[PDB]
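Some notes on the structure that comes next.
Protein chains in written order, with PDB author numbering: chain H, 2 to 121; chain H', 2 to 121; chain H'', 2 to 121; chain L, 2 to 107; chain L', 2 to 107; chain L'', 2 to 107; chain A, 3 to 144, 155 to 338, 342 to 392; chain A', 3 to 144, 155 to 338, 342 to 392; chain A'', 3 to 144, 155 to 338, 342 to 392. A prime marks a further copy of an entry chain.
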């Protein structure tokens, strides 16, 4: 059964780097687009970006300059990197999967979500 | 599904060597006897010879002196070598499989054939 | 199908060492407790001892001082070592398996036995 | 590409046929999904591809629309359905969320 | 821990309900097995866990008992059943055999 | 070991029960196969082991014989059957073809 | 209608008078009595009312909501939630994993695939409880009475004028073994089929008590697994198939009135009419002689028999002597009882079950008799 | 009892005198004759005797004696002796092998598992041979005679006093299609069920000729393989399931006497009594008029009909005019023949099969008539 | 033959005269009338004509044309053309590959195997349409008439001399539930079997509409895969099995004449003969008394009953009083109607269905009565 769980340091000093890790359990990280999202308390969601297995990533135009998302097929855990971070970035960070059926054109989704990590 | 296809140089200078290659697709070259045949246009067929996987080959008494047939289990493509060739050898060259059931005594065949290569 | 067979030298000189080998055919030596037994002609059985795969062996209190039982998971043959041997040890030597279901609490057994080796 | 929802707030009763609207900054075809997040947990997918539904979602929920405008609908409002509802965009590349209409008891 | 059987010898007829007893040096619960060895071959398992039986054993054979004392029983004695019968102990660790009651024709 | 066919030429009509013969240089038992090659393509196996047939061959085709002489037969001749027909030998080692009887329209 | 002969009724010294008549559909039997109006009795309809449903058979299925899950070698089996939910057809297999598809090693990886089964077009099947077979008898003078009978309730009694109280003990005789048959519904249409013919169908089925569609694989194809993917296809429609197979099976016309009642075309009812003590009149008919001819030629009935229609010119009220022979003696079976024509230039039905093979149907006697050739396999 | 009307018997100029009566259970028909005692005839019991067993269906299973065998990769398949013995349910699969579990290499290792199948509680199913349906008729004066009839043996004759020798030609009419039904036994209890309903059960079954329990997997679960081990579980009891599904099916009371005979509650017997030449007496009843009322309200029968019980005050011996209408004409079917009350202040049964939907049952004529509302789906 | 008693016929004041008689096979009933020759009526044959075929069951299969295909690890699945063609039984599995067998790596390689299924000896199964059950009645004077009846066509009328036109309303009563049975053919021989007994057979079957042999694995064994090879075996013949199981089932003799008609040994026909107005003669028989004895002892019938044959010495034409008791009263059922002996020193059949358990059959009254012990399970 498929579940996602993110981890790292839940407390970071401003203007520094950010290292989150979404570990994927009960499934193969070969498929889909592996995506991140955030939610600043009081406010709603903002789509950050995704990455394929092959490595074709794509980011949100408002943040790409400061964001790197890596994909490790080996340990099956796609990771998030947000540098030059501020207190606006202080939020809840969900790692979720998008979807890809490809052989059938049953596509659209953000299926499995993690509980999210509160980062400051 | 099982198919055979032969290849190489479709044009060779007399008194030289000959290198044909029957590639076997959709099947294991572990079994059967792997055979070659030729047909000089205007005339019919002449059985050249076969080779086992183990390597127990057997040739036509009228040609063995000039013929080598090799078996590569790796790339699955048994190959034909006809040296001291003349214009009588100029013909159509089919690579076909014989057969072996062994565990059942349902035997006789030349089952799958290739389209054949016109060699000059 | 599961069968056990013991072997070695069926004739040994007193006060020396002993090397028997129970080879296990048709089964995995990962499980159960692998046991030895002996029977001095005219007399009945005496339980010698067992060994797990992990290597947790256990011997008969009256003999442990002179007994080593090894377990080779590789070649699947657990072996018996009886040093300082005398003519009392001269007997029939059976290698048999005990049992372990673990996931079900259906346990007790000495299931498969070997024909036994007459050692002098 | 931006998504705008209306209303953002609603006061309804357990049984009300409620209706939330969600409009895009352009035509996105039939590509839109809805989400139900109750405060504390992670967002949960309800509707996918405009109108199709995910196994694990009550039949009272029903979405529609294509092109520019899309709507959600709960036939007869239920306790657990008091949550905040979001929408999604496809782009063939970069995705976008909505503001989220918070559903609230009357 | 020691096992003692009674009798050690028996003279019976093909049809006799024979009964061999086996007692332990202490309480071992329901953990006991019986064995049938005819001279020459290796011992063969008959009964396991006091009363339960192994597939490959005739129904005439029947064992019982728990705690300290256990008994075997052949409902109607048969040719092949003329063999020597042993018992077993569990300890949760180190096992023990019995003397063996030799079954013999009358 | 040599195979000889008769005739080598035939002029028949769509419906004719045609019969081609094939004789060996010695007794080869029941080991013989037939082939149907239309000009251009590779030979195709029809009959195997004297009389048995390969899945993919019409029932009009029928072979027979053992030992020294073997015959083919088309019960009611058909369009596609206008091809050249060959035979085969086994030896337990080195194989041999026939001359080939060309079937031709009348 | 057709009046009764003398042997068809019997009047007692004491008690009452009893009639015995086998009435068949689309025909009528009249009874006469001196100083009294005629009593016309007919069998109007034989029907079945709402036969219980037994098994639906889907001949067109539609797949929806597709989900596939993957496991790399030595990470165990692949598990979906949809494996449990009965709506979905699920297959389990193993795929060729390795470098190209982001695993940890080479080998077969567990892959599971599910899709929601929805049955687009189904074929219903109904059982017929024979102790519920309704049949309706109408009896009027020349003051109408309609008599609803059940297969079980064969005894129905009715008041009258002059004739007094009547009591009818009636049995039903069905045209077809309803214990070897099913009533099968497909959209607007319905037929009578073999039980076994349906039970041997290779399509998904759902019991009358409901439940899940069983053996869904008949209409669903799971193509061989690839890297981490599987193409799933719902098979084509099979309506043409069933409809082509439903040809060799008689159709059962729906009702115009109640539209929930099934009308059997064949069959007949045997009746015993207990009547008060009164003297009836016995018309004795004469076996026809002169000119007859086929209004409608002998034609197959779809249940092993054949029906013809003839007309009479010179014959007055007359019995029609129908026989099926190899000059010789007949070997067939006259289905139609009282093949009699009331008025000249009037059409009449004659059903018959000939011997298997080649036989000749002969209708009438003498020069003006009719002859028809018939084969039966 | 209830005397016969005049039309129910007939006396001949020569020969004998014949009676015709449809007798139903729990009721009695009496025949009178001048200078002679009354002849009371009744249908006592309709029964089935030891119907053949067809298929047992286990609804509670118990697993015993568990065995599991292992094979490391490239050492072939795993084989147990229990795979052959039919007592045991066996599964074959492959497990994740490697270092941690003492093999020689990485890969799937063949593992086989067996356990002894023992059926704890089963449901028996019986077929009813209709040509063996027994029915018993008692006939006494006012010197008793008991007449054991079979469905096949419908003609039984009996000596008497004064009435001489009688001969009874009787047919049986069953309340329910026994060709679409099964007699199902579960412990102390038994019912009548659909054949298909049972044939579509998802439980293990064993044919009447014996054999092995088939499709044991319905009640046995083999959990996914681990290292070298498999947890096997017998599924829970399913008695609650069947019992809940056996509600919508009438129960069949066991016998108090023979205790191997099954008594059918419904059904009736149609009789023709050949008697010697003698004059009987025909009581002609009058259609009731005055006060009637429901002893027991109309209530469902569980087989598509409804039974009521009424009482009469002023009406002497009188016929009860039962009809089921939408002032109009009835569309229903009067099940109960001769709905007549012998003595005032005496209860009487009336069964009826109304049209589907909403209809009104009307019993009696005039002010004192009774009316009941009834719905049917 | 056996003449009719007085109660068996009835002559009316008006109308005609009716006879009622239950005729059984191998017996005859004669009717007499003053100033007229005797009318002998008998039931000659009860038959079934070409019952539809439902399902063949192969009990001997033969495999031909064997093909096996191989795939090395990570080269995908192995595919044969024969997997599609329905003639062939096909299995799919995986084999231990590696160095010794010319692959590219270690692991399981896909292997597919097919062989042509040919059914050598099969068992046919037929359904019996009960509304097609033929029965033939012969009636001659002392000028013969043969009357072909159908189960449906129970009313057949016939001209005569002196007796005039007769009309026969006849019903058929079958010896065995044909809705729980199959007619099963195996070569020269045939039987009556349980439907379920056949439906529960573990052999390959083919529906009556044709199609492919289903579940071929019952008679075909695919031995465990090796390197790149599989031994396939057709299982042995199973004729001994069926034949041994077909013992406890009565056989059905084929026809000598038509050789496509099935003759039922048991069963009887109930008839009502409408005749013209004429006075018949009623022979009143006397219950036999003196010496009787068993020509053939009571013996089982294979369908729950027992048949005996007795002879009479002193008794003239006399009724035979057959009863089955535990001095007491009988509890059994007299199958044979009119157990009467026409001439002394002549043999007569008596069939009876006793109570289950131990009972005594008593035939005759007084000292010269006969007694036989009988057990039934």
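For every residue, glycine included, the Cβ atom is placed at its ideal position computed from N, Cα and C.
Exercise. How is residue 209 (chain A'') classed by DSSP in three states: helix, strand or coil?
Worked result: helix
For this session: Under 7 Å between beta-carbons, which chain L'' residues line up against residue 230 (chain A'')? List them in chain order, please.
Result: By Cβ distance, chain L'' contributes nothing, its closest Cβ being about 23 Å from residue 230 (chain A''), past 7 Å.
Problem set entry | Residue-chain proximity (residue 109 (chain A'), chain H''), Cβ-Cβ < 7 Å | no
Exercise. Touching or not, the stretch 128 to 136 of chain A'' and the stretch 226 to 237 of chain A'', by the rule of three or more beta carbon pairs under 8 Å?
Worked result: no
Exercise. Buried or exposed: residue 30 (chain H''), going by 16 or more other Cβ atoms within 10 Å of its Cβ?
Worked result: buried
For this session: Assuming residue 96 (chain L') contacts residue 36 (chain L') (C-beta within less than 8 Å), just tell me the rounded distance between them.
Result: That pair is no contact at about 12 Å.
Problem set entry | First through last residue of the beta strand (DSSP E) which encompasses residue 118 (chain H'') | 118 to 120
For this session: Can you tell me which of H'':50, H'':40, H'':24 puts its alpha carbon nearest to the alpha carbon of residue 59 (chain H'')?
Result: Closest in alpha carbon position to residue 59 (chain H''), among H'':50, H'':40, H'':24, is H'':50.
Problem set entry | Runs of beta strand (DSSP E) lying entirely within the stretch 177 to 247 of chain A'', each at least 3 residues, in chain order | 178 to 185, 193 to 198, 201 to 206, 217 to 219, 232 to 234, 244 to 246
Exercise. With 16 other CB atoms within 10 Å as the buried threshold, where does residue 388 (chain A) fall?
Worked result: exposed
For this session: Starting from residue 35 (chain H'), follow its DSSP beta bridges and name the residues at the other end.
Result: H':52, H':98
Problem set entry | Three-state class that DSSP yields for residue 81 (chain L) in the structure shown | helix
Problem set entry | Short Cβ contact (7 Å threshold) for residue 53 (chain A') with residue 128 (chain A') | yes
Exercise. Checking contacts by CB at 7 Å: is residue 146 (chain A') closer than that to chain H''?
Worked result: In the model shown, chain A' runs from 144 to 155 with nothing in between, leaving residue 146 (chain A') without coordinates.
Exercise. Within 10 angstroms of its Cβ, does residue 94 (chain L) collect 16 or more other Cβ (buried), or is it exposed?
Worked result: With a 10 Å radius around the Cβ and a threshold of 16 neighbouring Cβ atoms, residue 94 (chain L) comes out exposed.
For this session: Give, in chain order, every residue of the stretch 24 to 42 of chain H whose Cβ lies closer than 7 Å to some Cβ of chain L.
Result: none
Exercise. What are the boundary residues of the beta strand (DSSP E) that includes residue 366 (chain A'')?
Worked result: 362 to 368
Problem set entry | Residue span of the beta strand (DSSP E) that contains residue 66 (chain L'), given as start and end | Boundaries cannot be given for residue 66 (chain L'), as no beta strand (DSSP E) includes it and DSSP labels it neither H nor E.
Exercise. With residue 66 (chain A) and residue 118 (chain A) assumed to form a contact (beta carbons below 8 Å), what rounded beta-carbon distance in angstroms separates them?
Worked result: 4 Å
Exercise. In terms of alpha-carbon separation, which member of H'':48, H'':108, H'':90 lies closest to residue 3 (chain L')?
Worked result: H'':48
For this session: Answer yes or no: do residue 181 (chain A'') and residue 16 (chain A') have a C-beta to C-beta separation smaller than 7 Å?
Result: No; because the gap between Cβ atoms is not below 7 Å, this pair is not in contact.
Exercise. Just the Cα atoms here: how many angstroms apart are residue 91 (chain L'') and residue 33 (chain L'')?
Worked result: 7 Å
Problem set entry | 8 Å CB neighbourhood of residue 27 (chain H) in its chain, flanking five on each side removed | 2, 3, 4
Exercise. By how many angstroms is the C-alpha of residue 108 (chain A'') removed from the C-alpha of residue 107 (chain A)?
Worked result: Spanning the alpha carbons of residue 107 (chain A) and residue 108 (chain A'') requires a straight line of approximately 13 Å.
Problem set entry | 9 Å Cβ cut-off: residues of chain L' touching residue 81 (chain A') | None at all; the shortest Cβ gap to chain L' is about 15 Å.
For this session: Look at the alpha carbon of residue 367 (chain A'') and the alpha carbon of residue 143 (chain A), and state the distance between them as a whole number of angstroms.
Result: 50 Å
For this session: Can you give me the start and stop residues for the alpha helix (DSSP H) that residue 254 (chain A') sits inside?
Result: 251 to 257 is the extent of the alpha helix (DSSP H) around residue 254 (chain A').
Exercise. Among H':119, H':103, H':79, H':116, which has the Cα closest to the Cα of residue 24 (chain H')?
Worked result: H':79
Exercise. Mind checking residue 344 (chain A''): buried by the 16 CB within 10 Å criterion, or exposed?
Worked result: Exposed, by the Cβ-count rule.
Problem set entry | Closer than 7 Å to chain H'' by CB, residue 98 (chain L') | yes
Exercise. Within 10 angstroms of its Cβ, does residue 369 (chain A') collect 16 or more other Cβ (buried), or is it exposed?
Worked result: buried
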